[PDB]
Each structure stands twice: as C-alpha cells, then as structure tokens.
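Asker: Starting off with a structure, shown below.
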Amino acid sequence: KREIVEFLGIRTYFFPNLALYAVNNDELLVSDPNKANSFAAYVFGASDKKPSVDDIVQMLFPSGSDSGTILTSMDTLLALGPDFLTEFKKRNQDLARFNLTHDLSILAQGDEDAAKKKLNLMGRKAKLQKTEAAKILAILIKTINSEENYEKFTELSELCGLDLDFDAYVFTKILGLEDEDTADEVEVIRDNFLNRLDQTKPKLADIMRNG
Amino acid sequence: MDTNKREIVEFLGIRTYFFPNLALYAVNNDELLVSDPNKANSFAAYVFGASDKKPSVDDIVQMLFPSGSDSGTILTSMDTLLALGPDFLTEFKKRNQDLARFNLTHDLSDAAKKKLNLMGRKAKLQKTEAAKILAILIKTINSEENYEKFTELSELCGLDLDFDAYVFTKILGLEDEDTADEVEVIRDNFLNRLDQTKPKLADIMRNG
Ligand SMILES: [Cl-]
C-alpha cells in the first residue's frame, strides 16, 4: 500500500531515505556540508553543487532495500521521468522473480501512449477516492502524463494538499522546475515545509531558508 | 452567518459550502420529497432525483437568497452565482451593490483572469479550507468549456464537498458520455454519507 511516512518533522512519500539521512546527519549538514551526501546537501540548501543521477539512484535504492522500499522508489523514478525508465525496468524485471511487480508496469511495456490514455482515466477516478494511497497514485499519474515542465509543476503541486510539501520541493529542485513563471509558488511550497521543519530542526531549516 | 470567512457547514450528513440552504431544506423536507415531490421545492426535487423538471433561474436564486439572509449568507451565495455562470451575473451585481452601502463587498469584485489565475494557484497552496475553496472557485470561473469546468469542480471532493460537486454537475448539465463514470463516483461518495443519515433521500437519488 502507498503509505506516507514521517521522520522527525519531515513528512514524505517519495523520499523516505533522504528524510532519514537528514535525521541521522543533521549536524553534518549544518556544520560540515562539504562532507555530506551531495543529494541531501543540494536539497537542504547547504551546497549549490548538483547531485549526479547516480547519487539520486543510490539514495532511492540503498544496499539492502526490501521490496516495499523498491516499489516506493520506483514510484519516484516514474515521477522523475523518462531519464529513469531504464532503471525502473531493471528494478521491475528483478521483482518478477519473486512474483512482484509495480502496479503501473504497463508504462514499461511499449505502446506508452495508449497506456497513458487509459492511465489518465484511472487517475481521474483514483483522485475521487477518499484515501491517501489513491490520491498519491492520482498525482503520480497526472505527473507522468504531463508533457511540459509548467504542467508537471502544476500537477506535483497537488502533493501539498496531502502535506507532502517536502516531496513537491525535492522534485522541483531535482527537475529544475523553478523559473520566472513558478518562483512565487515555489516560495510558498518551500515556506510550507520550513514552517514544519522549524518545529523539529530549526538549524537545518535556517540553512535551507538562507544558506 | 455573520462572518466574512468562507466556511464549510454541515446538516445531518450533508457537508456543503455553496448550498447550505438546500442541504437544510432536504434534511427538513425529505418525506415531502419522497411522497409529494411536485409540491416540494423544484430545485431540491431535481437535485435529489424526485423530479425531472429543471428548476428556473428564479427557483435557484430564491433558494440561495432566502428572505432575511445575513451578510455571510449573501457572500457565500454570491460565490455560488459566480460558479453558475452568465445567467446569474446580473443577480451577483445587484447583490454586490446592496452590500456596498454597508461597506461590504465580494472579494473577487483576460487581464483579470490571468491575475485571478495566479491568485488561485497561490491560494490552493495555503493550508486552510477557506483558501482551497477560493482556489476551486477561481479555477471554475476561468474554465472555458464544460469538461474543464467539471474537472475543476471535481476538486471539491478533496474537501469532502461531493454534495456541491454533484449539485453543480446536475444544474450545469456537466454529466455526458465523457464524464459519466466520474459523476457516478461523486454521486456514490455522497450517497455513502446519505445512507447513514437520510436513507429516504438516498433511495430517491438511486430510484425515484
Ligand atoms: Cl493524466
């Protein structure tokens, strides 16, 4: 089941290992950020150096990941876009040996366009269900089916309705969705997250707010 | 109510922002809707499936603005008039002129639609029901065709305002071959609440 989790003021669906990293390496990020993980340091505003694709994959799929971790991170791969589809397919092929699969596997099976029209209708009905799990699936589908970056940002912004502002912000940062057309909205998303992080980790929040 | 703030209200299982007088009417008059629907209110009878006669603009306005409405009731019902489109804008302007004598006004009183669009996007990101309702209203107003308008009104279900989404779908004629399966989900969400408090209303809406 798609389940939101929380780590000491960081509420997340898509990025649980990144949230855990920030819990475990708070002092490092605040006091010696050039020793910290590059993906974490970039997200939290402690470095302007961009993470590599490999940095992202290793944070999503740490050694020893179990099937639940893998399935959740495969959702994140889909949200990040076609750059990550080969990684998604490799992870899905491995799961099949255990009789497991990602529930949106039709996206990896050719005729992607036809699958996305069917998924569009599925996602619209999922959003009308009353569970967090269904609403996450709906947002994921709408994000996958977005062509342009402004549309992708608009659909990912719906994560804030589930108090997943952290995830919306991480996607914005990693996918480069902040520009002149979206900057004022990105500021609201960032501030929503920081208003919560201030309550548990104010020094880390201060880095993110300033530097 | 005697407040400027947008507030969701509830009456016996019926949660609503845009149609509080209609919700209360149905709670008070469910047996009449069952047993003598032609003598019941025509707007209520149409929404709940007791009659296929469409209400008039005047029937709808009278339900939204009953005798004795206070300022919050007027302001809320003015939101409803905006979402109901061009046949209701003259009434909106009449009501807004009344309010000005008391130093009150509706807060939304191509260029304006772009400014409104940016305002609605930032409102949706706030953490209050009042801001989310405003955002949905703006997105509805700025919609240019029925399928887009239905898509934006559907967001009301995210605030458990399925009743309002259903009423708008019925009055604006938004149920068609493209939207019918989604309309069924909205209807079923509302029926799920009704089955627990007004089984009679649920039965009419399912049967007749
Ligand atoms: Cl879609």
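Chain labels run A, B, ... following the order of the structure tokens; each chain numbers its residues from 1, and ligands are numbered from 1 in the order shown.
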Taking only C-alpha atoms and all ligand atoms into account, report as a list in words which residues have an atom no farther than 6 Å from an atom of ligand 1.
Answerer: residues 120, 141, 142 and 145 of chain A
Asker: Within 7 Å of chain A, which residues belong to chain B? Use only C-alpha atoms and report them as number ranges by chain.
Answerer: B: 122, 125, 157, 182, 185
Asker: Once you have the residues from the selection above, write them out as a compact mmCIF listing (two decimals), in the first residue's frame, restricted to C-alpha atoms.
Answerer:
# COMPACT_ATOMS: atom_id res chain seq x y z
CA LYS B 122 -1.21 30.51 -4.55
CA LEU B 125 -1.12 26.05 -1.60
CA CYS B 157 -14.46 16.17 -3.50
CA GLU B 182 -16.63 10.14 -12.73
CA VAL B 185 -18.14 8.12 -8.23
Asker: May I have the residues within 12 Å of region 59-71 of chain A as a ChimeraX atom specification, using only C-alpha atoms and disregarding those fewer than 5 positions away in the same chain?
Answerer: /A:1-3,5,13-22,37-40,51-54,76-78,80,84,87-105
Asker: Grab the CA of residue 201 (chain A) to CA of residue 127 (chain B) distance for me, in Å with one decimal place.
Answerer: 20.9 Å
Asker: Report the distance between CA of residue 123 (chain A) and CA of residue 139 (chain A) in Å, rounded to one decimal place.
Answerer: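 Those two atoms sit 7.6 Å apart.
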